[PDB]
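Asker: As input, take input13.pdb (PDB, C-alpha atoms):
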```
MODEL        1
ATOM      1  CA  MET A   1      23.321  -8.068  -7.272
ATOM      2  CA  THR A   2      24.042  -6.142  -4.063
ATOM      3  CA  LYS A   3      22.522  -6.953  -0.701
ATOM      4  CA  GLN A   4      20.566  -3.689  -0.767
ATOM      5  CA  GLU A   5      19.216  -4.640  -4.185
ATOM      6  CA  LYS A   6      17.975  -7.899  -2.685
ATOM      7  CA  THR A   7      16.315  -5.938   0.126
ATOM      8  CA  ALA A   8      14.551  -3.632  -2.351
ATOM      9  CA  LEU A   9      13.345  -6.621  -4.368
ATOM     10  CA  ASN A  10      12.080  -8.325  -1.182
ATOM     11  CA  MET A  11      10.192  -5.168  -0.273
ATOM     12  CA  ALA A  12       8.539  -5.289  -3.707
ATOM     13  CA  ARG A  13       7.667  -8.974  -3.251
ATOM     14  CA  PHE A  14       6.215  -8.089   0.187
ATOM     15  CA  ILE A  15       4.056  -5.350  -1.306
ATOM     16  CA  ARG A  16       2.793  -7.671  -4.021
ATOM     17  CA  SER A  17       1.899 -10.323  -1.413
ATOM     18  CA  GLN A  18       0.194  -7.835   0.916
ATOM     19  CA  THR A  19      -1.798  -6.422  -1.983
ATOM     20  CA  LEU A  20      -3.196  -9.822  -2.875
ATOM     21  CA  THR A  21      -4.195 -10.344   0.770
ATOM     22  CA  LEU A  22      -5.955  -6.945   0.802
ATOM     23  CA  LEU A  23      -7.965  -7.872  -2.289
ATOM     24  CA  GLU A  24      -9.192 -10.991  -0.489
ATOM     25  CA  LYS A  25     -10.207  -9.000   2.602
ATOM     26  CA  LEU A  26     -11.758  -6.044   0.749
ATOM     27  CA  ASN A  27     -14.084  -8.438  -0.981
ATOM     28  CA  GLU A  28     -15.593  -8.847   2.539
ATOM     29  CA  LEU A  29     -16.605  -5.186   2.907
ATOM     30  CA  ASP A  30     -19.314  -3.038   1.256
ATOM     31  CA  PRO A  31     -18.557  -1.118  -1.973
ATOM     32  CA  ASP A  32     -18.259   2.312  -0.276
ATOM     33  CA  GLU A  33     -15.886   0.875   2.334
ATOM     34  CA  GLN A  34     -13.805  -0.703  -0.379
ATOM     35  CA  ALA A  35     -13.654   2.682  -2.127
ATOM     36  CA  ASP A  36     -12.570   4.368   1.098
ATOM     37  CA  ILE A  37      -9.734   1.890   1.700
ATOM     38  CA  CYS A  38      -8.490   1.937  -1.883
ATOM     39  CA  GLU A  39      -8.404   5.758  -1.777
ATOM     40  CA  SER A  40      -6.385   5.744   1.426
ATOM     41  CA  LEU A  41      -3.859   3.306  -0.059
ATOM     42  CA  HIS A  42      -3.536   5.510  -3.152
ATOM     43  CA  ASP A  43      -3.123   8.688  -1.096
ATOM     44  CA  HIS A  44      -0.600   7.049   1.190
ATOM     45  CA  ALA A  45       1.466   5.779  -1.728
ATOM     46  CA  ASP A  46       1.702   9.358  -3.039
ATOM     47  CA  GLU A  47       2.584  10.897   0.341
ATOM     48  CA  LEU A  48       5.415   8.361   0.604
ATOM     49  CA  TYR A  49       6.613   9.399  -2.811
ATOM     50  CA  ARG A  50       6.620  13.082  -1.850
ATOM     51  CA  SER A  51       8.205  12.325   1.518
ATOM     52  CA  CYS A  52      11.066  10.563  -0.260
ATOM     53  CA  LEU A  53      11.473  13.502  -2.638
ATOM     54  CA  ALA A  54      11.532  15.940   0.301
ATOM     55  CA  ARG A  55      14.105  14.055   2.345
ATOM     56  CA  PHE A  56      16.552  14.238  -0.567
TER      57      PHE A  56
ATOM     58  CA  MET B   1     -21.064   1.078  14.731
ATOM     59  CA  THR B   2     -21.286  -2.392  13.170
ATOM     60  CA  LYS B   3     -18.641  -5.066  13.525
ATOM     61  CA  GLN B   4     -17.827  -4.793   9.818
ATOM     62  CA  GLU B   5     -17.379  -1.049  10.256
ATOM     63  CA  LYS B   6     -14.854  -1.767  12.998
ATOM     64  CA  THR B   7     -13.049  -4.175  10.664
ATOM     65  CA  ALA B   8     -12.875  -1.560   7.891
ATOM     66  CA  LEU B   9     -11.539   1.030  10.334
ATOM     67  CA  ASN B  10      -8.923  -1.452  11.615
ATOM     68  CA  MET B  11      -7.840  -2.116   8.045
ATOM     69  CA  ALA B  12      -7.361   1.642   7.600
ATOM     70  CA  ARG B  13      -5.369   1.857  10.845
ATOM     71  CA  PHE B  14      -3.251  -1.091   9.609
ATOM     72  CA  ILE B  15      -2.540   0.654   6.317
ATOM     73  CA  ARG B  16      -1.560   3.852   8.095
ATOM     74  CA  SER B  17       0.816   1.915  10.384
ATOM     75  CA  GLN B  18       2.362  -0.079   7.529
ATOM     76  CA  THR B  19       2.871   3.100   5.527
ATOM     77  CA  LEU B  20       4.844   4.720   8.320
ATOM     78  CA  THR B  21       7.020   1.595   8.565
ATOM     79  CA  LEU B  22       7.647   1.704   4.790
ATOM     80  CA  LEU B  23       8.788   5.324   5.007
ATOM     81  CA  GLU B  24      11.352   4.302   7.626
ATOM     82  CA  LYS B  25      12.649   1.438   5.467
ATOM     83  CA  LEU B  26      12.636   3.327   2.150
ATOM     84  CA  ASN B  27      14.903   5.903   3.687
ATOM     85  CA  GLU B  28      17.471   3.032   3.666
ATOM     86  CA  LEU B  29      17.448   2.578  -0.123
ATOM     87  CA  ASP B  30      18.779   4.696  -3.025
ATOM     88  CA  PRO B  31      16.547   7.342  -4.668
ATOM     89  CA  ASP B  32      15.811   5.270  -7.814
ATOM     90  CA  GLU B  33      14.874   2.259  -5.678
ATOM     91  CA  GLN B  34      12.607   4.413  -3.578
ATOM     92  CA  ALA B  35      10.958   5.666  -6.779
ATOM     93  CA  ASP B  36      10.481   2.102  -8.001
ATOM     94  CA  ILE B  37       8.807   0.980  -4.763
ATOM     95  CA  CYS B  38       6.564   4.027  -4.480
ATOM     96  CA  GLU B  39       5.419   3.488  -8.089
ATOM     97  CA  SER B  40       4.575  -0.140  -7.406
ATOM     98  CA  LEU B  41       2.530   0.810  -4.332
ATOM     99  CA  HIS B  42       0.652   3.421  -6.377
ATOM    100  CA  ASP B  43      -0.006   1.001  -9.243
ATOM    101  CA  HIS B  44      -1.120  -1.722  -6.873
ATOM    102  CA  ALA B  45      -3.524   0.596  -5.074
ATOM    103  CA  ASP B  46      -5.172   1.388  -8.427
ATOM    104  CA  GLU B  47      -5.377  -2.248  -9.570
ATOM    105  CA  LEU B  48      -7.133  -3.039  -6.282
ATOM    106  CA  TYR B  49      -9.568  -0.248  -6.954
ATOM    107  CA  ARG B  50     -10.340  -1.563 -10.442
ATOM    108  CA  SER B  51     -10.525  -5.141  -9.183
ATOM    109  CA  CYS B  52     -13.158  -4.083  -6.655
ATOM    110  CA  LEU B  53     -15.105  -2.255  -9.362
ATOM    111  CA  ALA B  54     -14.957  -5.333 -11.619
ATOM    112  CA  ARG B  55     -16.120  -7.815  -9.003
ATOM    113  CA  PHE B  56     -19.287  -5.768  -8.471
TER     114      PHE B  56
ENDMDL
END
```
Would you mind writing the file out in structure tokens?

Answerer:
Amino acid sequence: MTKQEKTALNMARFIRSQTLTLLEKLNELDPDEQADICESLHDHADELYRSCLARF
Amino acid sequence: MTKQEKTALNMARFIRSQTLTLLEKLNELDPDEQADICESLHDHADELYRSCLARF
């Protein structure tokens, strides 16, 4: 278990935690607003993915 | 422009900001770790989406 591996795992734990907080907050908005936010999260996750592939 | 609309927009601005920070940090991990994190973000965005649809 390298230090960097611990950092990657912490990042994953952070994302899981943040996601649960977002669910709680989204429940406070209207359906269409929830849809807009979820779409943005999805699109941003994919741009990150392509950005990592590009910087290779 | 309702208060709730301002909250939704702030949430979007927060997600954009967090995403840019994640790009910076992912560049510090190995390719396979980057792939693992990006996949988790993508899967979590979709679970959120389905969770919002379910709670309707």

Asker: What is the CA of residue 15 (chain A)-CA of residue 41 (chain B) distance in Å, reported with one decimal?

Answerer: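 Calculated distance between CA of residue 15 (chain A) and CA of residue 41 (chain B) is 7.0 Å.
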
Asker: Written as a PyMOL selection string, what is the full residue list that the PyMOL selection byres ((chain B and resi 47-53) around 10) yields on the file shown?

Answerer: (chain A and resi 19-20+22-23+26-27+31+34-39+41-42) or (chain B and resi 41-46+54-56)

Asker: Identify which of the residues B:13, B:8, B:24, B:32 lies closest to chain A, counting only C-alpha atoms when measuring atom-to-atom distances.

Answerer: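 The shortest atom-to-atom distance to chain A comes from B:8.
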
Asker: Could you state the separation of CA of residue 25 (chain B) and CA of residue 1 (chain A) in Å, given to one decimal place?

Answerer: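 Those two atoms sit 19.1 Å apart.
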
Asker: What gap, in Å, lies between CA of residue 28 (chain A) and CA of residue 16 (chain B)?

Answerer: 19.7 Å
